[PDB]
Amino acid sequence: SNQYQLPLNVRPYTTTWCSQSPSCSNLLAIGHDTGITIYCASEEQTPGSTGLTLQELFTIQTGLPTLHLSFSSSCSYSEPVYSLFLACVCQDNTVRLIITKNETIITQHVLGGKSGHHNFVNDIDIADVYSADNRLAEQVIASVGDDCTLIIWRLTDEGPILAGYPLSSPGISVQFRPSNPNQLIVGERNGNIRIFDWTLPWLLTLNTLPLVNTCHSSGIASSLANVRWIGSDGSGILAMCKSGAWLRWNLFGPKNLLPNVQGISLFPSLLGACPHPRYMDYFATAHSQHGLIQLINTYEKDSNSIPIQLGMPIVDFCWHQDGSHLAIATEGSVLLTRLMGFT
Amino acid sequence: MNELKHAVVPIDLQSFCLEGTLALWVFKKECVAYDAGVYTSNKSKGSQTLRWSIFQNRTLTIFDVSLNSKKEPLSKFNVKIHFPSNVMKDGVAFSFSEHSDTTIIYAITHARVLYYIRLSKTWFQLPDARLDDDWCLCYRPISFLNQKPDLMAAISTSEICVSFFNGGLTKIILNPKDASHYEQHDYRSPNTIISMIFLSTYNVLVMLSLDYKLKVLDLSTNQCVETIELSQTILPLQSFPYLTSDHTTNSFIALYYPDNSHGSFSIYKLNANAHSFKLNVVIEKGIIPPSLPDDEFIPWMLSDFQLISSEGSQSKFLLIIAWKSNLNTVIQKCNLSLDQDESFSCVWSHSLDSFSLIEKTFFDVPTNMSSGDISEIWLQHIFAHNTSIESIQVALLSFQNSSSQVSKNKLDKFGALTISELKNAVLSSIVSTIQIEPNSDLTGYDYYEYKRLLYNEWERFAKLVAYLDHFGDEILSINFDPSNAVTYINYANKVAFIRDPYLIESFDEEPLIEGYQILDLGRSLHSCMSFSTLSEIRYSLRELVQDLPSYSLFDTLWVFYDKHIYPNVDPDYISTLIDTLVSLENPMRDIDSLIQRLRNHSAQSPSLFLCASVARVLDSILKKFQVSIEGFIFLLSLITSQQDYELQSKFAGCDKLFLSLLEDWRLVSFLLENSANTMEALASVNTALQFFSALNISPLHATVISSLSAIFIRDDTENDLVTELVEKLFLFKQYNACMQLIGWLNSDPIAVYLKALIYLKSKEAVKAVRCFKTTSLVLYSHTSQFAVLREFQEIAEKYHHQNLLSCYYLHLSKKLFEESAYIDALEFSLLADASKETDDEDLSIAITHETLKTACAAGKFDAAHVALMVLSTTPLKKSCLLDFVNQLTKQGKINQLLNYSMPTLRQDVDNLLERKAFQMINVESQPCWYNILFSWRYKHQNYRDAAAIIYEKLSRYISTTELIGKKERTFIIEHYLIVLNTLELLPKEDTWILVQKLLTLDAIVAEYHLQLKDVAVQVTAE
């Protein structure tokens, strides 16, 4: 493990790799109480133990807390100059898209007030949509909140298009489908899981609550932590409960009648699962409060693998695109740790 | 005629409010015959308690439904008494009498035996499985083989009589290890009795025989005291199974004869004037007419009747009568108000039991995500019904069979029991049955087939459900209770209650005098709307709870009608009503008044209270949602077009009372959602209860009146009942449901701090913290808030005053400790330290200290070190720095923490690090060696003395532990060298060891040399 300190007065809230855009996949953003900081990951000589070190590049000042953070495919590099596009959520309950050239915010769009969410925003994600001619036609941001609303915010050539959709319960996560921006997934706090075609009722709703194996009772309150697609065509769906209970469904052949596989993490997962970018069957989950991280294999290859235990709480974490490195933001730092097995 | 209404009690909600269920000993075919209740019987006595018995094929059952006020008339459990054979194929077998704080029950099995069981009241209250007595004695008094019984009748705890088909009446006396017996000993026997009855002045019975003679019996003599001849020939031609031919009020008694097809019946309430010579008989009244709705050859059948008069004064008498034809039932009560009149003054009340299928249409549209997906909605329909129980279970594990048998699957049915998981099992069974066929486009699937598949699936299911309650829902008897004075009722496997119509009901029936037609016609208008329509409306109004007060209040008025144009709403209908509106004389001044006209200390309350009241008030609240929504829908369907003429102010206007009504709706629907010692009443599982317990003529009616009234009241309470609710209830349980519930509840200071604590309990720190932030406290020192103000108040008083703000922030710092999340505590404790406008010594001190803790829980940034120093420099609160800095080195970075001991003042550091030193020799640790080296560094900062001393102490310890020689010796070498060097570093001055110097050191050098020699010896041996 190598450890890189965040500035002394910087409290991290969120950590994400720029896996969404290959030109910028070595860019790391930390949303904190005064903005979003960008780091670069480089192969040093090091020892080929952790043959990867972190270089802090710069800090984008915003003046208020950043709670969720997503890079877009529009990110680019030039010589040098970084052209960034970031979706995030701020203390004023607004959802924003910030477009920068390095640390300087050259452009900013803000969706808030009554036109925005009418309660706390719980999650956000972003994808670039191109026309048939293949110019940038739209950038699309999806967000979910405690106002029982899902918001699709499309920024198009002739300007913004806003749409709201009602939910049976607070939205706790949302993510567009890989290799198919026409589809996306929305998570409700109550265990409902929506598959949605925004170009169009919405196509499908699964639910983890009634499926709990109950060989070991998952408890009275098993609030849904997370749902994410897996695979590079978005061939699968993985859902994780706060309790640690997880379930996986695949989407291809024949007729289907239950979720394909199911299990339970050793610990609660407040932050939810972070699926491996290269190995579908694998995902990571943290015991954020004691600072341990379990690695789970869906086809039970795993047998309780806990590669990571810190002596401190974990605020957030995410896979580097290479699949062997992990970046983890803790309350005062970010660690890059390399698991030798995944190399 | 007047109407009556029913109140149904689901057996599963009983099982909810009854924690445990003990059992004592002493496909479609099996499903149908699974449950029934061959008969039903409920008793209760003069003294205190109440319970119902339920009958079953080869089984006997009993549970506690009493509405009392004792120490523990609330903690209850359901009892299953298994039998060798069923409780007879007939009405008989049943007796219940007590004695003293215990329940004695007499029974008769199917072929030829009696049963005597004595169960303790305590046994009912306790959760306990165990019983340490002989609760029962089975016995055979007379030869039943010879004479089969037909009627059993209780008289005393020791004694109980029996009636035989032959017509003889035996009496039976049992006693522990004892039994003595007495007699006056299609197949018929012209002295058989049809139905016996018992009332005591002391010991007198009343009988009606096959001979159709009215025999009156004295228990002492065991001979017939009186006889009257009632002469009807076409009467015994009519014979009824079970049925009670006679019943009773107090001293007097009544019975009646149907007179066959006429269905005339009667009331022959006999008055028994007991004289010293002999007990005298005086019957005083002829015949009572019937109602005439039962017809079409539909067999009316007298199930059971009970006569109860007002003991207050002979002004009225009331007879409750129950009729049934097939599964269907009719219930009515006749009230007779007489005093001198030989005339017949009888009010009559009528009742209807019917089936309305709310099924078929609500199925089609599940398109909106207001209540999304599909299945969840149907399950929520089955839960919305909330009145049918084990039928569901049966259907579920009948469908899961896949052409499997019953005998093993039946045990699997019994097995499930637990309710929360049941629902999960329901859905799991459902998805595993409906194959999803793909669209065959490109690895895609046809949801449009899943559509019909699912709809008609759950449709068929719930249709079999309704069929297992078009086979189960059945009535059999009625039994009145003196202690409670209530209109009890017995349906098979579904206890229920009788109640008078409420105003909302009478006006939901759609049956100086104006305005009412608007209400009924309007009700029709509301009923016109679709289901998805009301979905949109409910979601929208759900959005009108919190956010609504933010917009300008009175422009949204026309906007709602602008939302009303989307449904059908033919302009023909519109104008048709508009014409009515313009013809109104003066709407507002009448409406507001006449509707305003529509408008609490507790003993320890039981559970039937809470659940029966739950179901009934759920009914009342849903019909209410109906009536108010009606009101609104109209209110803006009127004031839509002709806007300028609306603002002409020719009409009185209505926006204000409009607002009031929306408040009302918020509360009511808040409740509509909510149904989805007294402290032990709160200790029972079901929801919405806590409310009824919070708000405790029949007792039920008044104590519900208290609730609904507390809902109506708006500005007088000056508090939202929702906030009140969640305030106390959060306290107990349901921390998770009050999440959506607090996300729903209207924004208030109270509501804010609760949002905080709840989003805290969920450990979603962030938003809880934003809640904490965006508000403060001026509410403090009010005490009206329950068991939560008191903390903040104690804290405010701890500063001998009432400081404006800093105190709150302090409280927030400690609360942040309770969350174990220490960083947000760093935040708030800051805010506390700062905003203090009072300049109290004590307060500032306390605040600075908690800040010290929060910082030390975080460690982190260096300043939390000079916070320490502030505290060390201020008074002798150095001990804080002790434990605190200890925790900091328990984070554990010496290279930094010692450099932080650097800006700390050397006096305070000398103190602190000497203490740490002492703790480190004490601790005997393995990383204590490090600790020792670091203290040494620190000593090098100082006079550089002690360090050496400590080295010696350490050396002593390492040695004392063990002796392996080997390496240990070389360690000691190293230690000798260390001391030597510390000494060379400290040549002149001199140091001192409690518990010397250069000389003892020459000695330790000697030890060294010794060990050297020893080693060399070892090397010459090898």
# chains A, B, ... in the order shown; residues from 1 in each chain; ligands from 1
>>> interface_residues(of="chain A", to="chain B", cutoff="9 Å", atoms="only C-alpha atoms", output="ChimeraX atom specification")
/A:8-9,67,91,114,118-120,146-148,165-170,192,194,201-206,209-212,214,220-221,223,251-258,270,289,331-332
>>> write_last_selection(atoms="N, CA and C atoms", output="CSV table (one decimal), in the first residue's frame")
chain,number,residue,atom,x,y,z
A,8,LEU,N,-4.7,19.3,4.8
A,8,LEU,CA,-5.1,19.2,6.2
A,8,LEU,C,-6.5,19.6,6.6
A,9,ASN,N,-7.1,20.5,5.9
A,9,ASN,CA,-8.5,21.0,6.1
A,9,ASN,C,-9.5,20.4,5.1
A,67,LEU,N,-20.6,15.9,-2.5
A,67,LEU,CA,-21.0,14.6,-1.9
A,67,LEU,C,-21.0,13.4,-2.8
A,91,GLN,N,-24.1,21.3,-1.3
A,91,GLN,CA,-24.7,21.6,0.0
A,91,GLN,C,-26.1,22.3,-0.1
A,114,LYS,N,-36.9,24.5,-6.7
A,114,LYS,CA,-38.2,23.7,-6.9
A,114,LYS,C,-38.1,23.0,-8.2
A,118,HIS,N,-36.7,18.2,-4.4
A,118,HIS,CA,-37.5,18.9,-3.4
A,118,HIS,C,-37.1,18.3,-2.0
A,119,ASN,N,-36.0,17.5,-2.0
A,119,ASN,CA,-35.5,17.0,-0.7
A,119,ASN,C,-34.0,16.7,-1.0
A,120,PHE,N,-33.4,15.8,-0.1
A,120,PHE,CA,-32.0,15.5,-0.2
A,120,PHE,C,-31.7,14.6,-1.5
A,146,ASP,N,-34.6,12.0,-2.1
A,146,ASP,CA,-35.6,11.8,-1.0
A,146,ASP,C,-37.0,12.4,-1.3
A,147,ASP,N,-37.2,13.1,-2.4
A,147,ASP,CA,-38.4,13.7,-2.8
A,147,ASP,C,-39.2,12.8,-3.6
A,148,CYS,N,-38.9,11.5,-3.6
A,148,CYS,CA,-39.6,10.5,-4.3
A,148,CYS,C,-39.6,10.8,-5.8
A,165,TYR,N,-39.7,12.2,-12.9
A,165,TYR,CA,-40.5,11.0,-12.8
A,165,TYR,C,-40.7,10.6,-11.4
A,166,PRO,N,-42.0,10.2,-11.0
A,166,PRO,CA,-42.3,10.0,-9.6
A,166,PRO,C,-41.8,8.6,-9.2
A,167,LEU,N,-41.4,8.5,-7.9
A,167,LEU,CA,-41.0,7.2,-7.4
A,167,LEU,C,-41.8,6.8,-6.2
A,168,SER,N,-42.0,5.5,-6.0
A,168,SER,CA,-42.8,5.0,-4.9
A,168,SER,C,-42.1,5.1,-3.5
A,169,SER,N,-40.9,5.8,-3.5
A,169,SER,CA,-40.0,5.8,-2.4
A,169,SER,C,-38.7,6.5,-2.8
A,170,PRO,N,-37.9,6.9,-1.8
A,170,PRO,CA,-36.7,7.7,-2.1
A,170,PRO,C,-35.7,7.0,-2.9
A,192,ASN,N,-37.0,-1.7,-4.3
A,192,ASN,CA,-37.4,-1.7,-5.7
A,192,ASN,C,-36.2,-1.3,-6.6
A,194,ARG,N,-35.5,-0.4,-10.7
A,194,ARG,CA,-36.1,-0.1,-11.9
A,194,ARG,C,-35.2,-0.1,-13.1
A,201,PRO,N,-45.0,1.8,-20.2
A,201,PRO,CA,-44.3,2.2,-18.9
A,201,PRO,C,-42.9,1.8,-18.9
A,202,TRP,N,-42.1,2.0,-17.8
A,202,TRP,CA,-40.7,1.8,-17.8
A,202,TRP,C,-40.5,0.3,-17.7
A,203,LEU,N,-39.4,-0.3,-18.2
A,203,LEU,CA,-39.5,-1.6,-18.7
A,203,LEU,C,-39.6,-2.6,-17.6
A,204,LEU,N,-38.9,-2.5,-16.5
A,204,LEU,CA,-39.0,-3.7,-15.6
A,204,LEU,C,-38.6,-3.3,-14.1
A,205,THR,N,-39.3,-4.0,-13.2
A,205,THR,CA,-39.0,-3.7,-11.8
A,205,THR,C,-38.8,-5.0,-10.9
A,206,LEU,N,-37.5,-5.3,-10.6
A,206,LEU,CA,-37.1,-6.3,-9.6
A,206,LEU,C,-37.1,-5.8,-8.2
A,209,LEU,N,-36.0,-7.3,-1.5
A,209,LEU,CA,-36.7,-7.5,-0.2
A,209,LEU,C,-37.3,-8.9,0.0
A,210,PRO,N,-38.2,-9.3,-0.9
A,210,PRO,CA,-38.8,-10.6,-0.8
A,210,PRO,C,-38.0,-11.8,-1.1
A,211,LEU,N,-36.8,-11.5,-1.7
A,211,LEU,CA,-35.9,-12.6,-2.1
A,211,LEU,C,-34.9,-13.1,-1.1
A,212,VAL,N,-34.8,-12.4,0.1
A,212,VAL,CA,-33.8,-12.7,1.0
A,212,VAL,C,-33.8,-14.2,1.4
A,214,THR,N,-33.2,-16.0,3.8
A,214,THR,CA,-33.8,-16.3,5.1
A,214,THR,C,-33.3,-17.5,5.7
A,220,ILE,N,-35.0,-7.1,10.2
A,220,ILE,CA,-36.2,-6.3,9.9
A,220,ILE,C,-36.0,-5.2,8.9
A,221,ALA,N,-34.9,-4.4,9.1
A,221,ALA,CA,-34.6,-3.3,8.2
A,221,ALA,C,-33.4,-3.7,7.4
A,223,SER,N,-32.5,-2.1,4.3
A,223,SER,CA,-32.5,-1.1,3.3
A,223,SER,C,-31.5,-1.3,2.2
A,251,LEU,N,-28.8,-10.8,-17.8
A,251,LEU,CA,-29.7,-10.4,-18.9
A,251,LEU,C,-29.0,-10.8,-20.2
A,252,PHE,N,-29.5,-11.8,-20.9
A,252,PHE,CA,-28.9,-12.2,-22.2
A,252,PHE,C,-29.5,-11.4,-23.4
A,253,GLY,N,-31.5,-15.6,-22.8
A,253,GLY,CA,-31.7,-16.7,-23.6
A,253,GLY,C,-33.1,-17.2,-23.4
A,254,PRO,N,-33.3,-18.2,-22.5
A,254,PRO,CA,-34.6,-18.8,-22.2
A,254,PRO,C,-35.4,-18.0,-21.2
A,255,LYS,N,-36.4,-18.6,-20.6
A,255,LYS,CA,-37.3,-17.9,-19.7
A,255,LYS,C,-36.7,-17.9,-18.3
A,256,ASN,N,-37.0,-16.9,-17.5
A,256,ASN,CA,-36.4,-16.7,-16.2
A,256,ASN,C,-37.4,-16.5,-15.0
A,257,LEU,N,-37.1,-17.0,-13.9
A,257,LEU,CA,-38.0,-17.2,-12.8
A,257,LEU,C,-37.5,-16.8,-11.4
A,258,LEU,N,-36.2,-16.6,-11.2
A,258,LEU,CA,-35.7,-16.1,-10.0
A,258,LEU,C,-34.3,-15.4,-10.2
A,270,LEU,N,-22.8,0.0,4.2
A,270,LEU,CA,-23.3,1.4,4.1
A,270,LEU,C,-23.1,2.1,2.7
A,289,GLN,N,-17.3,1.6,8.8
A,289,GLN,CA,-17.1,2.1,10.2
A,289,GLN,C,-15.9,1.6,10.9
A,331,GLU,N,-11.0,9.4,5.9
A,331,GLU,CA,-11.4,10.7,6.5
A,331,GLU,C,-10.4,11.8,6.3
A,332,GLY,N,-9.1,11.4,6.1
A,332,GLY,CA,-8.1,12.4,5.9
A,332,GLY,C,-7.1,12.0,4.9
>>> residues_around(residues="residue 64 (chain A)", least_positions_apart="2", cutoff="9 Å", atoms="only C-alpha atoms", output="count of residues only")
10
>>> closest_residue(among="B:576, B:291, B:103, B:660", to="residue 120 (chain B)", atoms="only C-alpha atoms")
B:103
>>> residues_around(residues="residue 224 (chain B)", least_positions_apart="5", cutoff="12 Å", atoms="only C-alpha atoms", output="PyMOL selection string")
chain B and resi 168-169+183-184+204-208+213-219+278-279
>>> residues_around(residues="residue 157 (chain A)", least_positions_apart="2", cutoff="10 Å", atoms="only C-alpha atoms", output="MDAnalysis selection string")
chainID A and resid 136:139 154:155 159:160
>>> write_last_selection(atoms="N, CA and C atoms", output="PDB file, in the first residue's frame")
ATOM      1  N   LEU A 136     -21.308  15.462 -30.685  1.00  0.00           N
ATOM      2  CA  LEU A 136     -21.865  15.351 -29.351  1.00  0.00           C
ATOM      3  C   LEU A 136     -23.261  15.951 -29.447  1.00  0.00           C
ATOM      4  N   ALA A 137     -24.272  15.101 -29.297  1.00  0.00           N
ATOM      5  CA  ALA A 137     -25.656  15.547 -29.376  1.00  0.00           C
ATOM      6  C   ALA A 137     -26.185  15.944 -28.016  1.00  0.00           C
ATOM      7  N   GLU A 138     -25.977  15.081 -27.032  1.00  0.00           N
ATOM      8  CA  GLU A 138     -26.485  15.338 -25.698  1.00  0.00           C
ATOM      9  C   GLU A 138     -25.496  14.875 -24.645  1.00  0.00           C
ATOM     10  N   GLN A 139     -25.464  15.565 -23.509  1.00  0.00           N
ATOM     11  CA  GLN A 139     -24.877  14.978 -22.304  1.00  0.00           C
ATOM     12  C   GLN A 139     -26.029  14.729 -21.329  1.00  0.00           C
ATOM     13  N   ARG A 154     -31.189  16.454 -19.489  1.00  0.00           N
ATOM     14  CA  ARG A 154     -30.497  16.344 -20.764  1.00  0.00           C
ATOM     15  C   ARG A 154     -29.988  17.694 -21.249  1.00  0.00           C
ATOM     16  N   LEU A 155     -28.695  17.816 -21.512  1.00  0.00           N
ATOM     17  CA  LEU A 155     -28.178  19.045 -22.110  1.00  0.00           C
ATOM     18  C   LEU A 155     -27.916  18.827 -23.595  1.00  0.00           C
ATOM     19  N   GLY A 159     -30.117  23.359 -26.236  1.00  0.00           N
ATOM     20  CA  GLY A 159     -30.263  23.669 -24.826  1.00  0.00           C
ATOM     21  C   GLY A 159     -30.860  22.561 -23.984  1.00  0.00           C
ATOM     22  N   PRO A 160     -31.110  22.862 -22.702  1.00  0.00           N
ATOM     23  CA  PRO A 160     -31.497  21.908 -21.664  1.00  0.00           C
ATOM     24  C   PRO A 160     -32.933  21.413 -21.858  1.00  0.00           C
TER      25      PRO A 160
END
>>> decode(residues="region 205-271 of chain B", atoms="C-alpha atoms", output="compact mmCIF listing (two decimals), in the first residue's frame")
# COMPACT_ATOMS: atom_id res chain seq x y z
CA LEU B 205 -83.19 -23.33 35.66
CA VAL B 206 -85.67 -22.93 32.80
CA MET B 207 -86.54 -25.59 30.24
CA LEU B 208 -88.58 -26.13 27.11
CA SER B 209 -89.31 -29.80 26.34
CA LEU B 210 -90.19 -31.89 23.27
CA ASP B 211 -93.67 -32.13 24.84
CA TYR B 212 -93.36 -28.39 24.37
CA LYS B 213 -93.89 -27.89 28.09
CA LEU B 214 -92.20 -25.03 30.02
CA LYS B 215 -90.57 -26.82 32.92
CA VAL B 216 -88.91 -24.67 35.62
CA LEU B 217 -86.31 -26.39 37.82
CA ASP B 218 -85.07 -25.91 41.40
CA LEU B 219 -81.45 -27.23 41.79
CA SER B 220 -81.75 -28.15 45.48
CA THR B 221 -84.70 -30.48 45.00
CA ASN B 222 -83.55 -31.73 41.53
CA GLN B 223 -87.25 -31.94 40.76
CA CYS B 224 -89.38 -29.70 38.51
CA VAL B 225 -90.62 -26.72 40.57
CA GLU B 226 -93.11 -25.42 37.95
CA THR B 227 -94.87 -26.32 34.73
CA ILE B 228 -96.69 -24.31 32.10
CA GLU B 229 -98.46 -25.66 28.95
CA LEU B 230 -97.83 -23.88 25.70
CA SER B 231 -100.15 -25.29 23.02
CA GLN B 232 -98.93 -25.14 19.39
CA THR B 233 -99.18 -28.16 17.05
CA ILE B 234 -97.40 -26.71 14.00
CA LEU B 235 -94.52 -25.63 16.20
CA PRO B 236 -92.62 -28.84 17.10
CA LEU B 237 -92.99 -29.77 13.42
CA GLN B 238 -90.13 -27.30 13.03
CA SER B 239 -86.87 -28.67 14.44
CA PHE B 240 -83.57 -26.78 14.51
CA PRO B 241 -79.99 -28.03 14.97
CA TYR B 242 -78.02 -26.12 17.60
CA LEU B 243 -79.83 -22.78 18.17
CA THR B 244 -80.59 -21.27 21.57
CA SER B 245 -84.36 -21.41 22.18
CA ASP B 246 -84.10 -19.27 25.35
CA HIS B 247 -81.93 -16.49 26.83
CA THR B 248 -81.75 -13.74 29.42
CA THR B 249 -81.05 -10.32 30.99
CA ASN B 250 -80.77 -10.53 34.80
CA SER B 251 -83.56 -11.88 36.99
CA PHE B 252 -86.06 -12.12 34.15
CA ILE B 253 -85.77 -14.30 31.01
CA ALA B 254 -87.11 -14.49 27.43
CA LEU B 255 -87.60 -17.01 24.63
CA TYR B 256 -89.60 -17.26 21.40
CA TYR B 257 -91.18 -19.58 18.87
CA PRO B 258 -90.93 -18.84 15.08
CA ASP B 259 -94.37 -20.39 14.33
CA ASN B 260 -92.82 -21.85 11.14
CA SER B 261 -93.01 -20.27 7.64
CA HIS B 262 -94.61 -17.07 8.92
CA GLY B 263 -91.29 -16.28 10.52
CA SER B 264 -93.23 -14.47 13.21
CA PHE B 265 -91.18 -15.44 16.28
CA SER B 266 -91.99 -13.57 19.49
CA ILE B 267 -90.71 -12.34 22.83
CA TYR B 268 -92.10 -14.11 25.87
CA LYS B 269 -90.01 -12.41 28.58
CA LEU B 270 -91.07 -14.29 31.69
CA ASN B 271 -90.86 -12.59 35.10
